[PDB]
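Report on the following structure.
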Amino acid sequence: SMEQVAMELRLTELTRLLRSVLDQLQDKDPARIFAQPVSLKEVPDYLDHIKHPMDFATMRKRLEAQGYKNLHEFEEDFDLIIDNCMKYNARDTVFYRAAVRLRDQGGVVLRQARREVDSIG
């Protein structure tokens, strides 16, 4: 149907905007602490601690399959990155501190993304 095509064009354009959001959030992680999944070879107990692991590469795979239907879904995954790190790692660690700085900096980006998603519809 033509309606299905129009809905698909909306999804594609959301995907465009989320890709730009993702790039901007990932620049706030210059150490690449959140770039890849936590390695279960190197942290064998990880899944005993963290039930829904997340990282920027995993988000990018979902994004490129157009697997985010709305900004809320994308933000859920971003918050998992931060929240998982702040639980597994102690306050005095470079990992925890990195997550705090990512959350703080990403807030700015996400704030305007929400306005854009609503504005462009």
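Computed from the coordinates by the stated procedures, all read-outs in this text should not be read as laboratory data. Every residue, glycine among them, receives a Cβ derived from its backbone with ideal geometry; neighbour counts consider all protein chains shown.
Which of the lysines could be linked to residue 69 by a straight reach, that is with a Cα gap under 17 Å, when you skip same-chain ones fewer than 8 residues away?
In chain and number order, the partners are 61.
With the convex hull built on the Cα atoms of the range 24-63, state its orientation-averaged projected area in nm².
Projected over every direction and averaged, the Cα hull of the range 24-63 covers 3.3 nm².
List the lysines whose Cα sits under 19 Å from the Cα of residue 87, skipping any in the same chain fewer than 8 residues away.
Counting by Cα, and skipping residues close in sequence, residue 87 has these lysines nearby: 51.
Compute the distance from the alpha-carbon center of the range 35-49 to that of the range 80-112, in whole Å.
One Cα centre to the other: 17 Å.
Quick test of the membrane-span-like rule: which DSSP H helices of the chain reach at least 30 Å along their long axis (C-alpha atoms) with mean Kyte hydropathy at least -0.5?
Values: long enough: 2-27 (38 Å, -0.12); 94-120 (38 Å, -0.23).
Going by DSSP H runs, the hits are 2-27, 94-120.
Using label points projected 7 Å from each Cα along Cα→Cβ, tell me how many nm separate residue 9 and residue 95, to one decimal.
Roughly 4.6 nm, to one decimal.
Quick one: grab Rg to one decimal and Dmax as a whole number for the range 33-121, Cα atoms only, in Å.
14.2, 45
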